[PDB]
There are 2 protein chains.
Amino acid sequence: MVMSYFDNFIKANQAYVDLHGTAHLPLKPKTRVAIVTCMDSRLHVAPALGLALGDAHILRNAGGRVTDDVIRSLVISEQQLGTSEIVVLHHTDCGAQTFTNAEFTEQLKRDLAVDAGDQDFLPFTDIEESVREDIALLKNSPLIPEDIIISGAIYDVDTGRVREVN
Amino acid sequence: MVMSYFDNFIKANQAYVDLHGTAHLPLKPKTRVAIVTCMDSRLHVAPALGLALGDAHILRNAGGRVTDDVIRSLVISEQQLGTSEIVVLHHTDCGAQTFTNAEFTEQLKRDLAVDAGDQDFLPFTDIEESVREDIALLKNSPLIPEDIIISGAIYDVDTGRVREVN
Ligand SMILES: [Mg+2]
Ligand SMILES: [Mg+2]
Ligand SMILES: [Zn+2]
Ligand SMILES: [Zn+2]
């Protein structure tokens, strides 16, 4: 077997263990916030938002889109883990703006021999509108209560800035 | 006073803008890895694994479980954005250990007056078995090519340590 970047991460983790020492924080996030954002490698959510360890739940998927898994995860965050505020954070230069479902599902048929023509990969073109659509999906879900403040924002991957949309 | 904790994140972000400066990184992660892990507020993935900005996609949900949205997001990460390695990272003291689906269904009747008895919240008991179950869901998906490198691991929230699971 050939080593990969996982082995690099295991080695690098030793330094973090030495800094972290032995210290327990509560399962319930201190700020009562859950953030929904993209997986993008150029977004490190804690320094961008000023999070201390234990401050907020961080949910991440392709595009920061609201899905059944995001709602599942938020109902656990809120009803089991005490959170009561949501931030939907999309970002500039997102991979979701680089394909359409039709073009991507043709590519998958060619490359993987799978027909995913009926599956929605959740692309978008207008970042602000994508944030407003995902906030509406949360507000229309009966699993997300009404006394939950939901904010929308955009992270600029070139500058580090977070700016409100919703 | 501010209206929500989001407003404190916006204020804290000004120091991060000053540090970040203006700098573009590629969409394709430098290490070609996607990490799948839990939303837990006590896991800051970049310092734990030594990631620089731009190094790895980070997918997070409740428990770090493989779902339809995780596969959607990994197919985008791999087939559109060039990753070729996955790390499945669960952790100690996870909220997914604190309920069974029947117990959480009863809690949601109390908390929301909604009946979610048909929905699978994906809890687990044994943490290594939960990593192995998630890796087998990836290996059995025709949407994740057989040549993708997959490893499993557990993060100890009290010590900072990541250890490999086989
Ligand atoms: Mg517009
Ligand atoms: Mg993260
Ligand atoms: Zn993105
Ligand atoms: Zn967890």
# chains A, B, ... in the order shown; residues from 1 in each chain; ligands from 1
>>> residues_near_ligand(ligand="ligand 4", cutoff="6 Å", atoms="only C-alpha atoms and all ligand atoms", output="PyMOL selection string")
chain B and resi 38+40+62-63+94-95
>>> closest_atom_pairs(of="chain A", to="ligand 3", cutoff="12 Å", atoms="only C-alpha atoms and all ligand atoms", output="CSV")
residue,atom,partner,partner_atom_place_in_ligand_line,distance
A:36,CA,ligand 3,1 (Zn),11.5
A:37,CA,ligand 3,1 (Zn),8.0
A:38,CA,ligand 3,1 (Zn),4.7
A:39,CA,ligand 3,1 (Zn),6.1
A:40,CA,ligand 3,1 (Zn),4.8
A:41,CA,ligand 3,1 (Zn),8.5
A:42,CA,ligand 3,1 (Zn),9.0
A:43,CA,ligand 3,1 (Zn),8.9
A:60,CA,ligand 3,1 (Zn),9.5
A:61,CA,ligand 3,1 (Zn),8.2
A:62,CA,ligand 3,1 (Zn),5.9
A:63,CA,ligand 3,1 (Zn),4.3
A:64,CA,ligand 3,1 (Zn),6.9
A:65,CA,ligand 3,1 (Zn),9.5
A:89,CA,ligand 3,1 (Zn),9.8
A:90,CA,ligand 3,1 (Zn),6.9
A:91,CA,ligand 3,1 (Zn),6.1
A:92,CA,ligand 3,1 (Zn),7.5
A:93,CA,ligand 3,1 (Zn),6.9
A:94,CA,ligand 3,1 (Zn),3.5
A:95,CA,ligand 3,1 (Zn),4.9
A:96,CA,ligand 3,1 (Zn),6.0
A:97,CA,ligand 3,1 (Zn),8.2
A:98,CA,ligand 3,1 (Zn),9.8
A:99,CA,ligand 3,1 (Zn),11.9
A:122,CA,ligand 3,1 (Zn),11.2
A:123,CA,ligand 3,1 (Zn),9.8
A:124,CA,ligand 3,1 (Zn),10.2
A:125,CA,ligand 3,1 (Zn),11.7
A:127,CA,ligand 3,1 (Zn),10.2
A:130,CA,ligand 3,1 (Zn),11.5
A:154,CA,ligand 3,1 (Zn),10.6
A:155,CA,ligand 3,1 (Zn),9.9
A:156,CA,ligand 3,1 (Zn),10.8
A:157,CA,ligand 3,1 (Zn),9.6
>>> write_last_selection(atoms="C-alpha atoms", output="compact mmCIF listing (two decimals), in the first residue's frame")
# COMPACT_ATOMS: atom_id res chain seq x y z
CA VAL A 36 -24.35 25.90 6.74
CA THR A 37 -21.65 26.48 4.17
CA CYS A 38 -19.66 25.01 1.30
CA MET A 39 -16.89 22.40 1.50
CA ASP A 40 -14.57 24.77 -0.34
CA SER A 41 -10.93 24.24 0.63
CA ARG A 42 -10.29 28.04 0.71
CA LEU A 43 -12.77 28.62 3.53
CA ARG A 60 -20.56 21.82 4.98
CA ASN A 61 -21.53 20.33 1.64
CA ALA A 62 -21.05 21.15 -2.06
CA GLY A 63 -22.33 24.73 -2.46
CA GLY A 64 -23.65 25.15 1.14
CA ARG A 65 -27.08 23.98 -0.19
CA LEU A 89 -22.92 31.14 4.09
CA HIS A 90 -22.21 30.80 0.36
CA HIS A 91 -19.04 32.07 -1.31
CA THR A 92 -17.50 33.53 -4.47
CA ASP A 93 -15.90 31.33 -7.06
CA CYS A 94 -17.96 28.31 -5.92
CA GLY A 95 -17.77 25.02 -7.75
CA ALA A 96 -21.60 25.15 -7.97
CA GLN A 97 -21.34 27.94 -10.51
CA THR A 98 -19.12 25.86 -12.83
CA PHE A 99 -21.54 23.27 -14.17
CA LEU A 122 -27.81 21.66 -6.87
CA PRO A 123 -25.77 24.13 -9.02
CA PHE A 124 -26.48 27.83 -9.02
CA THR A 125 -25.52 30.90 -10.95
CA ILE A 127 -24.93 33.68 -5.41
CA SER A 130 -28.82 30.79 -3.97
CA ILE A 154 -21.32 35.50 1.22
CA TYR A 155 -17.66 34.79 1.88
CA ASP A 156 -15.21 36.31 -0.68
CA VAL A 157 -12.51 33.66 -1.14
>>> interface_residues(of="chain B", to="chain A", cutoff="6 Å", atoms="only C-alpha atoms", output="PyMOL selection string")
chain B and resi 9+12-13+16-17+20-24+29+39-42+48-50+53-62+73+158-161
>>> closest_residue(among="A:88, A:128, A:118, A:135", to="residue 101 (chain A)", atoms="only C-alpha atoms")
A:118
>>> select_by_dssp(residues="chain A", states="strand (DSSP E or B)", output="list in words")
residues 33, 34, 35, 36, 37, 38, 56, 57, 58, 59, 60, 61, 85, 86, 87, 88, 89, 90, 91, 149, 150, 151, 152, 153, 154, 155, 162, 163 and 164 of chain A
>>> write_last_selection(atoms="C-alpha atoms", output="mmCIF file, in the first residue's frame")
data_model
loop_
_atom_site.group_PDB
_atom_site.id
_atom_site.type_symbol
_atom_site.label_atom_id
_atom_site.label_comp_id
_atom_site.auth_asym_id
_atom_site.auth_seq_id
_atom_site.Cartn_x
_atom_site.Cartn_y
_atom_site.Cartn_z
ATOM 1 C CA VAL A 33 -25.284 28.799 16.209
ATOM 2 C CA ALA A 34 -25.130 26.308 13.342
ATOM 3 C CA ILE A 35 -23.410 27.450 10.131
ATOM 4 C CA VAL A 36 -24.350 25.898 6.743
ATOM 5 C CA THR A 37 -21.652 26.479 4.168
ATOM 6 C CA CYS A 38 -19.658 25.011 1.297
ATOM 7 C CA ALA A 56 -20.614 26.745 16.727
ATOM 8 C CA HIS A 57 -21.700 23.772 14.684
ATOM 9 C CA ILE A 58 -20.267 23.814 11.145
ATOM 10 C CA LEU A 59 -22.217 21.979 8.413
ATOM 11 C CA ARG A 60 -20.559 21.819 4.981
ATOM 12 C CA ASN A 61 -21.529 20.333 1.641
ATOM 13 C CA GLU A 85 -29.680 30.310 15.209
ATOM 14 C CA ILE A 86 -28.598 29.440 11.628
ATOM 15 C CA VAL A 87 -26.173 31.165 9.229
ATOM 16 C CA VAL A 88 -26.308 30.187 5.544
ATOM 17 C CA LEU A 89 -22.920 31.144 4.093
ATOM 18 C CA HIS A 90 -22.213 30.797 0.356
ATOM 19 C CA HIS A 91 -19.040 32.071 -1.307
ATOM 20 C CA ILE A 149 -33.028 33.589 13.445
ATOM 21 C CA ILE A 150 -31.637 32.670 10.001
ATOM 22 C CA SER A 151 -29.032 34.979 8.408
ATOM 23 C CA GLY A 152 -27.539 34.767 4.911
ATOM 24 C CA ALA A 153 -24.044 35.770 3.868
ATOM 25 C CA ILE A 154 -21.316 35.499 1.216
ATOM 26 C CA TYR A 155 -17.658 34.790 1.883
ATOM 27 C CA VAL A 162 -18.127 37.855 4.983
ATOM 28 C CA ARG A 163 -20.941 40.184 3.953
ATOM 29 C CA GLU A 164 -24.669 39.736 4.782
#
>>> atom_distance(atom1="CA of residue 166 (chain A)", atom2="CA of residue 141 (chain A)")
17.5 Å
>>> select_by_dssp(residues="region 2-164 of chain B", states="alpha helix (DSSP H)", output="NGL selection string")
:B and (5-20 or 45-49 or 68-75 or 101-112 or 127-140)
